[PDB]
């Protein structure tokens, strides 16, 4: 496997602040291909300057040929909270509508949707008028909408879109799912699907394949990040209403963080494992988790694998040259190709201030981690475009550079693979 070509584009100047607001691990998602176009969302500084930001949405044609980016600026909502939780997630439903939810740390939902199905019936003009106003509810559904953190979207097989988030706080919170119908344009409440018990679950993402929805998490006792413990897993066969553990045992609704039956690896507190890192269902139905810990005596990224025979394995990701991360260092992701043979670790290196692209193969039990490429000059939790990789064999990664404001840019990097 080789990188046929490497290309990059600078899409904006990052915003100034001691917190990172662009390029955050739990953006789900930041960079999305739908049809012949790729979309990206990020904050850029408003004319009022420091601590005033607008959400931007970029689009570019990627098929049959790659076109230039164009951007719209949502200049009717000013982000002002210098808090790294307050990121943007985007989703695109099967009616072609683009959804955005953003700017939360334990506050009411902020959500907006495009007026029309702009990703399906593609308009000539890319302007802010394409979007409806910010609202603080989900039409057709019901609260609670506050105190909300961590909006995550997941597109389903019938064109519908899940929106998932935590209601509560670090160390005492629960998570909820809502479902947007592409046929009616209405949201519906699926209710609380995971319930804390003087703690909160921190999921790594949502993954969906062939009618099944997969998630993994750690449990946090207090606002101190050293109090994460456990690696847990569950899946649903009905888009988040009913859940099962790794042994196919049906779980209570909601899943309780006190239910040990979803635990797949014992990791104590003070292991230097961080919440909300990465996960992946590969196209062959193998489930993967990316975390980190100090338990070997060295800080190392860790790969958890749910094998076909039901067994789980854990193996350090330690290819030559990769510096292992401690608790507060930037978090990585796992990507997979259409065939399911290639597993990509998109791993920020805290020493090099760059993002490494490493590859392992299913034929070698994913133990053959090899350096494949690098994105230089990043201070980012890298995020990729699942659909572009599956459809075109191009690994496309959104990054925040390292360096100082206003030199520090936002970029998209495309690694064309010889798949």
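Residue numbers count along the first chain shown, from 1.
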Subject >> Mean C-alpha temperature factor, higher of 408-416 and 3-11 >> reply: 3-11
**OP:** Output the stretch having the higher mean C-alpha B factor in the entry; the candidates are 104-112 and 247-255.
**Re:** 247-255
Original post:
Going by the entry, which of 27, 41, 353, 45 has the most elevated CA B factor?
Top reply: 353
Subject >> Candidate residues 334, 163, 130, 320, the one whose C-alpha B factor the record puts highest >> reply: 320
**OP:** Tell me, lowest, middle or highest third: where does the Cα B factor of residue 204 rank within its chain?
**Re:** lowest
Subject >> Third of the chain's Cα B-factor distribution that residue 18 belongs to, per the entry >> reply: highest
**OP:** Compare the C-alpha B factor of residue 215 with those of the other modelled residues in its chain, then answer lowest, middle or highest third.
**Re:** lowest
Original post:
Which third of the chain does residue 62 land in by C-alpha B-factor: lowest, middle or highest?
Top reply: highest
Original post:
Can you tell me which third, lowest, middle or highest, the CA B-factor of residue 56 falls into for its chain?
Top reply: lowest
